[PDB]
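So the protein sequences, as listed, match chains A and B. Position one of the first sequence corresponds to residue 11 (the UniProt record's numbering), numbered consecutively onward. Position one of the second sequence corresponds to residue 10 (the UniProt record's numbering), numbered consecutively onward. Backbone N, C-alpha and C define an ideal beta-carbon position, used for all residues, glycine too.
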Amino acid sequence: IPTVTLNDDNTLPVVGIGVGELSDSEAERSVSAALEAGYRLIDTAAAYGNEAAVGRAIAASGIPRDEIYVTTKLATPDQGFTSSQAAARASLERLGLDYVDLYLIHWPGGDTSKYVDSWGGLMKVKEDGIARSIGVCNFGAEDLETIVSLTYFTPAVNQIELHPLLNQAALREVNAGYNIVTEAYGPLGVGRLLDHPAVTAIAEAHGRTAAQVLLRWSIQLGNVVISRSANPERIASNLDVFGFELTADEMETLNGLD
Amino acid sequence: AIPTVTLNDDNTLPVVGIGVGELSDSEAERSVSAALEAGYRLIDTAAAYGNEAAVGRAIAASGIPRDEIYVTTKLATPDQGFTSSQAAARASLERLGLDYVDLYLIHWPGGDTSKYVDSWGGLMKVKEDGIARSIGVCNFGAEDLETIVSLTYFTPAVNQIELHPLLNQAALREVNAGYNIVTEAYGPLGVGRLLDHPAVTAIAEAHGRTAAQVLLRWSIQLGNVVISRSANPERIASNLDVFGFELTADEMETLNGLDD
């Protein structure tokens with residue numbers, strides 16, 4: 011499956027699975043199903059409380075470590091320069107891993123000093139080999155300008171809620187301007203977009219599912235797209251989004267919903 | 010006691026409810042059963058979800074009097090139209106195993122304006138016939154609302170939209186209030202991420218409440234009906250316990266400032 015090349019020369023798959031709001035057993039099952047299906051990009055977070063579960067599914071998968079792309083995140087209670095560096099290490103211990111592929115600040119917050127410090131900490135985390143790449147979630151233009159101007163180190167990724175009713179055109183421009191990759195989560199709009207008349211028309215034109223169209227659109231925007239879990243049958247279906255492309259007109263239609 | 014909102018048609022709905030979007034029949038039956046046992050009475054389903062029969066099985070199985078339960082379902086987009094929406098409402102009732110629904114909604118306006126205007130006229134008949142106590146819409150913008158109100162003279166009771174502190178819909182809530190339309194929020198946790206937002210966590214700590222409880226309480230204090238995505242029996246019972254505390258004006262202001 012296709013990759014994007016990050017500004018630090020590392021690569022990520024353009025699709026992954028997220029495990030937010032999953033219990034330990036649900037998380038472990040979901041990751042294990044996704045890996046069997048062909049997913050390699052796994053999105054977790056310390057705040058989810060299920061890193062150990064995800065680590066267990068990874069270890070049992072029998073897939074080589076270097077083919078898996080593990081993302082986790084700094085929990086908000088652990089924000090800060092010194093504390094973030096310890097937090098990343100604590101996540102590794104829970105995951106049973108020697109490194110993660112991508113490590114993210116989960117939220118900037120209104121205290122600029124805290125997220126600036128967190129970013130300086132994550133810079134040390136990358137330097138130390140603890141994370142291959144570093145990035146952020148839900149940073150606006152001003153938040154990005156602040157870390158770039160004060161630290162001189164640009165995030166690899168900015169993770170944001172993105173779907174045709176919230177297409178994030180403005181922020182994608184800002185992201186791309188800094189050579190930051192946009193990572194989309196919530197690609198289905200809380201399930202509602204699966205019945206959107208424009209989505210259904212395009213799905214029917216291609217003989218694909220509504221979810222497939224939603225995902226393919228996001229991929230064609232240049233996004234890395236994270237699907238929530240899921241079920242073995244739907245997981246396999248969602249991954250099957252590289253055998254068709256949406257036309258310019260189809261893109262324009264979906265682009266006009268926001 | 011779970012408080013209600015009073016709709017423009019004089020009917021009332023509980024201020025909190027559970028949704029079964031993206032659930033299998035098995036999951037929906039389990040989630041609705043759990044929610045009802047925990048004290049939820051407002052249930053949000055849709056024809057497009059394909060789990061109406063499962064939801065209806067759970068409602069029937071509960072033994073709770075029908076008149077204490079508030080069932081919402083929705084017109085699937087393939088069924089839009091004046092004549093077809095009236096048939097669709099009845100097909101939903103048959104799947105739900107019910108004689109009426111409390112709230113019946115157009116799922117999406119769509120680019121075909123004639124289609125949703127006709128759907129709206131059909132739903133007016135559905136309400137006239139007693140098949141739905143109240144009728145409304147999802148994801149209608151100001152132009153969509155002006156189109157249906159100007160052409161049909163009948164105002165929706167509810168406008169259901171995604172709404173959380175990173176997408177607070179202040180503008181659409183103003184549009185809705187101008188028409189005396191109740192805003193119904195879904196995705197109140199922002200795909201789960203808001204559970205770890207520093208401002209939410211500080212306010213949760215101030216109250217000795219969970220982050221989810223603060224997020225739902227905020228939405229309630231905005232005047233919304235708030236639908237929670239289906240969760241575990243432990244979580245859903247916790248999420249329902251949002252009426253023994255109140256966010257201060259400062260706390261509201263903080264959570265209101267997150268979407269900029």
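Short of 8 angstroms in beta carbon distance, which residues of its chain neighbour residue i, apart from the five on each side in sequence? Order them along the chain.
i, result
"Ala70 of chain A", "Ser42"
"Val24 of chain A", "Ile11, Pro12, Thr13, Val14, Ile229, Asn233, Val234 and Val235"
"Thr161 of chain B", "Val126, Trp129, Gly130 and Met133"
"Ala213 of chain A", "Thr219, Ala220, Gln222 and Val223"
"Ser247 of chain B", "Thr219, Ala221 and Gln222"
"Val135 of chain B", "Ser94, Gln95, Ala98, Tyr113, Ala141 and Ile144"
"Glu77 of chain A", "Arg50"
Just the chain A side, please: which residues come within less than 7 angstroms of residue i by C-beta, in chain order?
i, result
"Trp227 of chain B", "In chain order: nothing, as chain A lies at least about 16 angstroms away."
Quick one: what's got a C-beta closer than 7 angstroms to residue i's C-beta in the same chain, skipping five residues either side?
i, result
"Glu61 of chain B", "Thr54, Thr82, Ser101, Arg104 and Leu105"
"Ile73 of chain B", "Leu45"
"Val64 of chain B", "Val29, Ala37, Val41, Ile52, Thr54 and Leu105"
"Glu171 of chain B", "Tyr195 and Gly196"
Taking Cβ-Cβ distances shorter than 8 angstroms, what residues in chain A pair up with residue i?
i, result
"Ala57 of chain B", "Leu204 and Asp205"
"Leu176 of chain B", "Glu171 and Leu176"
"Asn241 of chain B", "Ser33"
"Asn148 of chain B", "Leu175 and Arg202"
"residue 287 of chain B", "No statement about residue 287 of chain B is possible, as the shown extent of chain B runs from 10 to 269 and does not include it."
Going by DSSP, which residues form a beta bridge with residue i?
i, result
"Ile115 of chain B", "B:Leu84 and B:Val146"
"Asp53 of chain B", "B:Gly28 and B:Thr81"
"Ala141 of chain A", "A:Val110"
"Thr13 of chain A", "A:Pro23"
"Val234 of chain B", "B:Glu193"
"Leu176 of chain B", "B:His173"
Going by DSSP in three states, residue i sits in which element: helix, strand or coil?
i, result
"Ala194 of chain B", "strand"
"residue 3 of chain B", "Because chain B is modelled from 10 through 269, residue 3 of chain B falls outside the range shown and cannot be assessed."
"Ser239 of chain B", "coil"
"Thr219 of chain A", "coil"
"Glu152 of chain B", "helix"
"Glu171 of chain B", "strand"
"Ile73 of chain A", "coil"
"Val41 of chain B", "helix"
"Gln95 of chain B", "helix"
"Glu255 of chain A", "coil"
"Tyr188 of chain B", "coil"
"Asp250 of chain B", "coil"
"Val200 of chain B", "coil"
"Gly130 of chain A", "helix"
Report all residues from its chain with a CB closer than 6 angstroms to the CB of residue i; omit the five preceding and five following residues, and keep chain order.
i, result
"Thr263 of chain B", "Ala208"
"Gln222 of chain A", "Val251"
"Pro118 of chain A", "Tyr125, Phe149 and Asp153"
"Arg238 of chain B", "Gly28"
"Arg182 of chain B", "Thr192"
"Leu107 of chain B", "none"
"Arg226 of chain A", "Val251 and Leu256"
"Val167 of chain B", "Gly145, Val191 and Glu193"
"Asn177 of chain A", "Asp268"
"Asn185 of chain B", "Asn168 and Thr192"
Give the interface partners of residue i over in chain B, defined as CB-CB distance under 7 angstroms, in chain order.
i, result
"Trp117 of chain A", "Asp205, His206 and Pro207"
"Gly90 of chain A", "Within chain B, no residue comes near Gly90 of chain A; the closest Cβ sits about 12 angstroms away, beyond 7 angstroms."
Run through chain B and tell me which residues come within less than 8 angstroms of residue i, C-beta to C-beta.
i, result
"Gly26 of chain A", "Those do not exist, as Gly26 of chain A stays about 14 angstroms from chain B at its closest Cβ, beyond 8 angstroms."
If the cut is a Cβ gap below 9 angstroms, which residues of chain B does residue i touch?
i, result
"residue 298 of chain A", "Chain A is shown only over 11 to 268; residue 298 of chain A falls outside these bounds and no answer can be derived."
Can you tell me whether residue i sits near the ligand PLP, meaning its C-beta is under 7 angstroms from at least one heavy atom of the ligand?
i, result
"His173 of chain A", "Because no ligand of any kind appears in the structure shown, any question about the ligand PLP cannot be addressed here."
Select from the stretch 190-220 of chain A all residues with a C-beta closer than 8 angstroms to any C-beta belonging to chain B, and list them in chain order. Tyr195, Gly196, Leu198, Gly199, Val200, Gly201, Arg202, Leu204, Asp205, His206, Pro207, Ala208 and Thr210
Using a beta-carbon distance cut-off of less than 9 angstroms, what residues from the stretch 68-87 of chain B approach chain A? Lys83, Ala85, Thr86 and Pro87
Members of the stretch 122-145 of chain A that neighbour chain B once the beta carbon cut-off is set at 9 angstroms: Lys124
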